[PDB]
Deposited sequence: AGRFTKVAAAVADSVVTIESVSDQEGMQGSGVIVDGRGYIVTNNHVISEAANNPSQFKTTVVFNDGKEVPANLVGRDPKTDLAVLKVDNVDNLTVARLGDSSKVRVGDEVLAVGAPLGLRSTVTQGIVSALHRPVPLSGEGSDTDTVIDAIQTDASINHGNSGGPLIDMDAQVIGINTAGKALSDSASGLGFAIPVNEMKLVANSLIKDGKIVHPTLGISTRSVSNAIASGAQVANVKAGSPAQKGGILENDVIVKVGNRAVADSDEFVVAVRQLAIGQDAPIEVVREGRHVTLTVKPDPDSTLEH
């Protein structure tokens, strides 16, 4: 048997099909079994429409055997395109051996596995092309768009393997596919899922700036608007200031800015380096939470 063939076969039981249907519409995606109690991680875009209109939508999980089981939404994070589902009392569930995204290196061979019984399902092969690559992601519906610090791959990520796992050559999940190919790393996923499972919510830092990218001789995220009462207006950030370092992550554009704000601690003090009218200023800002009552 093939080396790639042995690995895809070893994980197909852990990959499931997610089907959300209404009276007149239906969406479909893939997901992965992470916990034996019945916890299934997928993307947020796949189920976005079951959550914004639950009175008319119903979500079911189809396993490798064709067994179709109703599912309930545990929690969802539109800012990491992640989501957790739960099926109840289902047994003999083959859980996925999750790996460490910190040991992944560029050039390692991977497999973007989709759900075996999915309609347009796909199993693609490639390598890890880049690590810690910010990527803009379009938010489905009322949801907000976001930027994620992702694992890039030349394996094709598409509608047939989105929400399924990025698998290494030891059959371990090192990322979650999102729909040249980008994946949400497993180390961020294990953290988002723990909070989504225990609380039904994940709280993320906010500063209150909108940014546009700039690249010349002076490069980073240029300020478009500072909100009133925002931690940024209190910290001294001004319109048309250029941010080049947030906390300790240097920032090359607006996309890396979004990623670096999420890496800050809420309510702790953070250095923010700015170039204003040709002078270097290092300000200090305390990040607010995006949902106070839930923090």
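According to the record, no C-alpha positions are given for deposited positions 180-189, 229, numbered from 1.
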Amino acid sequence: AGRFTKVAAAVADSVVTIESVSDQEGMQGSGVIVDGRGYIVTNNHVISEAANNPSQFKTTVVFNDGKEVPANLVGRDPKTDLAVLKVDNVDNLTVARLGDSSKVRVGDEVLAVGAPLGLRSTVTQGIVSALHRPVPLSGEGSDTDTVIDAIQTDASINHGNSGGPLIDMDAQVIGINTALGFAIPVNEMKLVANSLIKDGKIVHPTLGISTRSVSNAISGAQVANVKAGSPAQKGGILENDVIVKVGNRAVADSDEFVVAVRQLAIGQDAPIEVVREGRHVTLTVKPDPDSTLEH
From here on, numbers count along this sequence of modelled residues.
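For the pair 5-13 and 277-285, the mean Cα B-factor is higher in 277-285. Averaged over Cα atoms, the B-factor as recorded in the entry is higher for 129-137 than for the other of 129-137 and 160-168. In the deposited coordinates, the residue among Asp199, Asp143, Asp81, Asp108 with the greatest CA B-factor is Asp143. Per the deposited record, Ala51 carries the highest C-alpha B-factor of all listed residues (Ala260, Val41, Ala51, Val46). Ranked by Cα temperature factor within the chain, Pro185 sits in the lowest third according to the deposited record.
Compared with the other modelled residues of the chain, the Cα B-factor recorded for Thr60 ranks in the middle third. In the PDB entry, a CA B factor belonging to the highest third of its chain's modelled residues is recorded for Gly220. Among all modelled residues in this chain, the alpha-carbon of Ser30 has a temperature factor (C-alpha) in the lowest third. In the PDB entry, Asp77 places in the lowest third of its chain by CA B-factor.
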